[PDB]
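Single-structure report; data block below.
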Amino acid sequence: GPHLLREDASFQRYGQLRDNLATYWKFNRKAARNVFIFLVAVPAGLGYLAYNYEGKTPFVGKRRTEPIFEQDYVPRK
Amino acid sequence: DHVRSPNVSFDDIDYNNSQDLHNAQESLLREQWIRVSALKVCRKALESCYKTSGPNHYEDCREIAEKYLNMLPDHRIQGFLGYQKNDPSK
Amino acid sequence: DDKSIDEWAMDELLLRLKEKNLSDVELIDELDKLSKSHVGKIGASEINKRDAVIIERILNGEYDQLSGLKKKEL
Amino acid sequence: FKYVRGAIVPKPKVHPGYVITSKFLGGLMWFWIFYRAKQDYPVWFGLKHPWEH
Amino acid sequence: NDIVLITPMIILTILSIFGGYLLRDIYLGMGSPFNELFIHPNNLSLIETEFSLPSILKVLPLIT
Amino acid sequence: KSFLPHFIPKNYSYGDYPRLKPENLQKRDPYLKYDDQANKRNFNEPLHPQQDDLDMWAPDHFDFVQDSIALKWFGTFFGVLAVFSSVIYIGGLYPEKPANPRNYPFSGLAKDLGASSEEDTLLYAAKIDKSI
Amino acid sequence: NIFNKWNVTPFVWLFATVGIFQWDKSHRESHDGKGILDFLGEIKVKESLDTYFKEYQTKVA
Amino acid sequence: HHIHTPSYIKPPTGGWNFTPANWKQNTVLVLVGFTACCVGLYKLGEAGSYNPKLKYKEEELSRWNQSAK
Amino acid sequence: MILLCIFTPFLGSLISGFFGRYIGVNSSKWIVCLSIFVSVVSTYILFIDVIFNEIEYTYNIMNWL
Amino acid sequence: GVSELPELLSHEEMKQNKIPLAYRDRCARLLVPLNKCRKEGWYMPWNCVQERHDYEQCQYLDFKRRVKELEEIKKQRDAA
Ligand SMILES: CCCCCCCCCCCCCCCCCC(=O)OC[C@H](COP(=O)(O)OCCN)OC(=O)CCCCCCCCCCCCCCCCC
Ligand SMILES: CCCCCCCCCCCC(=O)OC[C@H](COP(=O)(O)OCC[N+](C)(C)C)OC(=O)CCCCCCCCCCC
Ligand SMILES: CCCCCCCCCCCC(=O)OC[C@H](COP(=O)(O)OCC[N+](C)(C)C)OC(=O)CCCCCCCCCCC
Numbered sequence: 005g006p007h008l009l010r011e012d013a014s015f016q017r018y019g020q021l022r023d024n025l026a027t028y029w030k031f032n033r034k035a036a037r038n039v040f041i042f043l044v045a046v047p048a049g050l051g052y053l054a055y056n057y058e059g060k061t062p063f064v065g066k067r068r069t070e071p072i073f074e075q076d077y078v079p080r081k
Numbered sequence: 003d004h005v006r007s008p009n010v011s012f013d014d015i016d017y018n019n020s021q022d023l024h025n026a027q028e029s030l031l032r033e034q035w036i037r038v039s040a041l042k043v044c045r046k047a048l049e050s051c052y053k054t055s056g057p058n059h060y061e062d063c064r065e066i067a068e069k070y071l072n073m074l075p076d077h078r079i080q081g082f083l084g085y086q087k088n089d090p091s092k
Numbered sequence: 161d162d163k164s165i166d167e168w169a170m171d172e173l174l175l176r177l178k179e180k181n182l183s184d185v186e187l188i189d190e191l192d193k194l195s196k197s198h199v200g201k202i203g204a205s206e207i208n209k210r211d212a213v214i215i216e217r218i219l220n221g222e223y224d225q226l227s228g229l230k231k232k233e234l
Numbered sequence: 007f008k009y010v011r012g013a014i015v016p017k018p019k020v021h022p023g024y025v026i027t028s029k030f031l032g033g034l035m036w037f038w039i040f041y042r043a044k045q046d047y048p049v050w051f052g053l054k055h056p057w058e059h
Numbered sequence: 451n452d453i454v455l456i457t458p459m460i461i462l463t464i465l466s467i468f469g470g471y472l473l474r475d476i477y478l479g480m481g482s483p484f485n486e487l488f489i490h491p492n493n494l495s496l497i498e499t500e501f502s503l504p505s506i507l508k509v510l511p512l513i514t
Numbered sequence: 025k026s027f028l029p030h031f032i033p034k035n036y037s038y039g040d041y042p043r044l045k046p047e048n049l050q051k052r053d054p055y056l057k058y059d060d061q062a063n064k065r066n067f068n069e070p071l072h073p074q075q076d077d078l079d080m081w082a083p084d085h086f087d088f089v090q091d092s093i094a095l096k097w098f099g100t101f102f103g104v105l106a107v108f109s110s111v112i113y114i115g116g117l118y119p120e121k122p123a124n125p126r127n128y129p130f131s132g133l134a135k136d137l138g139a140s141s142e143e144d145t146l147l148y149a150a151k152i153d154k155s156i
Numbered sequence: 062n063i064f065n066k067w068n069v070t071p072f073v074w075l076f077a078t079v080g081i082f083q084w085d086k087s088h089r090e091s092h093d094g095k096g097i098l099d100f101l102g103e104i105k106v107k108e109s110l111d112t113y114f115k116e117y118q119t120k121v122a
Numbered sequence: 004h005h006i007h008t009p010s011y012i013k014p015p016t017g018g019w020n021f022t023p024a025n026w027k028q029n030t031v032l033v034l035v036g037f038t039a040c041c042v043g044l045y046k047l048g049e050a051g052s053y054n055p056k057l058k059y060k061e062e063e064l065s066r067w068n069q070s071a072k
Numbered sequence: 001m002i003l004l005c006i007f008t009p010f011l012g013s014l015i016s017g018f019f020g021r022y023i024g025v026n027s028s029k030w031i032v033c034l035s036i037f038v039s040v041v042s043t044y045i046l047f048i049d050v051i052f053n054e055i056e057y058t059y060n061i062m063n064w065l
Numbered sequence: 002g003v004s005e006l007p008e009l010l011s012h013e014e015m016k017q018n019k020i021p022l023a024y025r026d027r028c029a030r031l032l033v034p035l036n037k038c039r040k041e042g043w044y045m046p047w048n049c050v051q052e053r054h055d056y057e058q059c060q061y062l063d064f065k066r067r068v069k070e071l072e073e074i075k076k077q078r079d080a081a
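Here's what the structure looks like:
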């Protein structure tokens, strides 16, 4: 109606660039390193941890069977 | 009125009978919810014992606390698919 | 008038308490005067009611029949 | 209000309520500090035990 | 400033002089029942703190 | 003096997008007059591709000292406290306990501490008063 | 205006909900625990529902 | 003093030093309503509160522990 | 006594938050101060009843989970 | 006028008086009147002056008794 927003050319170019960053992406060595870390290295770390302790954590009502405090005090003298 | 569980075991039915299988699934589920109800009642005893005992809760509620920790790992809903689809004897 | 499965299981536990200890005079007295609206409020609460023996019998007896449905063991 | 050039600030004359209240509050603290010292200076420094009298 | 601003400060000022002395026995008294806070018997050092301390350490923070 | 925050690229080629030197708008002079005084920006002024890391809404950047120098001091401060702590431990200069730690009767209050019988006495009891 | 269209509405819901709640509380004492909404209908029971299940599983088989 | 645009900006909390002409009338209507809620809270609190350390005798706790064994 | 101590400050927040426009700046501030003071007095009564008389108060509104 | 450690309380007497677990020691008997007077005195610094002092001096004897145990143990370790 009244165009309540004062459109800014620099903002529009900045907005358009952010929405179209895929156009200029290149699968260079820098990109490959970041892709490997987020999609392979990090999932592998969780992948190992998830199955390493899968079914090996019976924490429901786990009981204490070892005394906490020391009975006799041995002086340093 | 209070409808009661139709006690039926997976070991005494034919799974081809869909009604008998349906009762066995329901009967196992209803028994598991009774255990949870029993666990909550036993926990209520522990809560009441702890408050009134004060510094004597270790001694006054020793057997109650031991009972709660033993029942806790298994007094929960486990479903029926595990026992329906598995034969422990084999 | 919706009875959830947990609400049904609480009533069933008290019903099985009666059906297994019909010879206990003290148990029947507390159950009869334990109203339906107060059935699910067992334990410490604002309501003045006698349920100590009700809790005591449950603490001593396993009223679930889960082992009966599992007729096969390892 | 008028500003007087080259006039040093004299001693302020605050409302009497503020001055009296401030001294009394300090007087309460100092009296209480001395009152506890008169009765607890041995125990404070470990020179004596509270039951010893 | 005005009296309304002053009034809470005076009330706090008096509580900053006498409050700790009156409430010391409730929380710091030996054997006072405070079962809400649990202290294991092996962790009660209120005796070795009160008696075994050298007299110098009792005043060292004051001197510094 | 001032320096750019980390992870701000020196170069970029996003097609025909204008290439301007990355500027932290937080460091601009506030006594100047701008169309957007709060953000210290004039109308239609071009934005860096990562301008969100170089504006007022970005985390405040500290430029009094370099990060390497700031981290050298931070490690030095805790390094002093680490050596001070280790020397007293290895040297063993901390005072000895003046008395035997507190003992308690009834097998070290075993029953009062959740023990059931003599098998679990040492599992729950405190230091046992051996002198009755 | 302190009793405008926007201020009154939240208080009306509270009064209506509490009044109906007490009405339902009184309605259960004289009707053996049955609620106020018993006029709309009744909950269907297992015996009739399982008949539909038995016929449903028969056609599927 | 300044301009606050109060003709349309009417937040629930006032909008730049707002006090209606009939503020005395509404204040009394609020104080009575506020007083009618503290009393209602007090009656609900007294009738609903209980002492958790007195709902069961120590003899009853002994029977609970022995049965739980 | 317990309910009055806890939820009275909430009443002051609601009154100033949504009725502060209709009562003005001055009355809004003092009504909030009034609500906190009611909690102050109720707390002191409970402090004597709990610390000195070894009494506890418990109110259970309803089940959450 | 406490001069020696008083007699040890029984198990039930500690239970009935609800003595704190960390304070269930030789001075338990003297602790019962102190905690009983503190309740009636609202834990004021001017209501249980002597009962508090008697309990304070008892713990002093218990502390000195544990000094003897450490010194006695300190000789067995060196002798062995
Ligand atoms: C902005 C958008 C608008 C939203 C703002 C308003 C949101 C209100 C949210 C309310 C949600 C509904 C909760 C009340 C519904 C009634 C609950 C109920 O079914 O009753 C449970 C309880 C006892 O259960 P029972 O014996 O089964 O009684 C059933 C009888 N038919 O019976 C009772 O004791 C009834 C108790 C009624 C309590 C009244 C509500 C008090 C305020 C909420 C209390 C929650 C705790 C305080 C939370 C504040 C943060 C600490
Ligand atoms: C348990 C939760 C209970 C919450 C109930 C408390 C009372 C609510 C009061 C609402 C009215 C108010 O204050 O918001 C509106 C006021 C109005 O501004 P003003 O001060 O009248 O001046 C006006 C001058 N302006 C116009 C320049 C502001 O501010 C605001 O626009 C602040 C924006 C964010 C509001 C956040 C509301 C609270 C969020 C709560 C998250 C759970
Ligand atoms: C003594 C009694 C003490 C208790 C008092 C209770 C007061 C209740 C409120 C009455 C006033 C009212 O509902 O206000 C409603 C308000 C006021 O704006 P509006 O009505 O839309 O007018 C503006 C529109 N116009 C211009 C067309 C007229 O709306 C809101 O934006 C309310 C948004 C919800 C805020 C709170 C969210 C809380 C979430 C978490 C809850 C725990």
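Residue numbers (UniProt numbering), protein chains in the order written: chain S, 5 to 81; chain X, 3 to 92; chain F, 161 to 234; chain B, 7 to 59; chain Z, 451 to 514; chain P, 25 to 156; chain V, 62 to 122; chain L, 4 to 72; chain G, 1 to 65; chain W, 2 to 81.
All residues carry an ideal CB built from backbone N, CA and C; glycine is no exception.
Whose C-alpha, out of the options, is nearest the C-alpha of residue i?
i	options	result
F/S205	G/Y22, G/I23, G/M1 and G/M62	G/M62
F/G200	F/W168, F/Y223, F/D184 and F/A212	F/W168
L/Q69	P/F27, P/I156 and P/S140	P/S140
V/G94	F/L191, F/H198, F/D211 and F/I214	F/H198
G/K29	G/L11, G/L46, G/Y57 and G/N53	G/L11
X/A47	L/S65, L/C41 and L/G18	L/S65
P/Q75	S/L8, S/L9, S/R17 and S/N38	S/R17
P/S155	W/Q58, W/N18, W/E70 and W/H12	W/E70
V/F82	V/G96, V/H92, V/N62 and V/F72	V/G96
S/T69	P/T100, P/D144 and P/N124	P/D144
Give a yes or no on whether 8 Å exceeds the smallest Cβ distance from residue i to chain X.
i	result
F/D166	yes
F/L194	no
Using 8 Å as the limit for Cβ to Cβ distance, is residue i near chain B?
i	result
W/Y24	no
residue 141 of chain W	Absent from the structure is residue 141 of chain W, since the part of chain W shown begins at 2 and ends at 81.
On the CB-based measure, 16 or more other CB atoms within 10 Å of its CB, does residue i come out buried or exposed?
i	result
P/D84	exposed
S/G19	exposed
L/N20	exposed
Z/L503	exposed
Z/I464	exposed
S/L50	exposed
W/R25	buried
F/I218	buried
G/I36	exposed
Within 8 Å (strictly less), CB to CB, does residue i reach chain Z?
i	result
P/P129	no
Pull the bridge partners of residue i from the DSSP assignment, please.
i	result
P/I152	P/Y128
B/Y41	B/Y41 pairs with nothing; no bridge assigned.
P/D60	P/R65
L/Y53	G/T58
At the 8 Å Cβ level, is residue i part of the contact set with chain F, yes or no?
i	result
residue 97 of chain L	Within the shown structure, residues of chain L are numbered from 4 to 72, placing residue 97 of chain L beyond reach of any answer.
V/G102	no
Between residue i and chain P, is the shortest Cβ-Cβ distance under 8 Å, so that the two count as touching?
i	result
S/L21	yes
Any beta-carbon of chain W closer than 8 Å to the one on residue i?
i	result
B/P48	no
*Could you name the residues, in chain order, whose CB is less than 5 Å away from a heavy atom belonging to ligand 4?*
In the structure shown, ligand 4 is absent; the only ligands present are ligand 1, ligand 2 and ligand 3.
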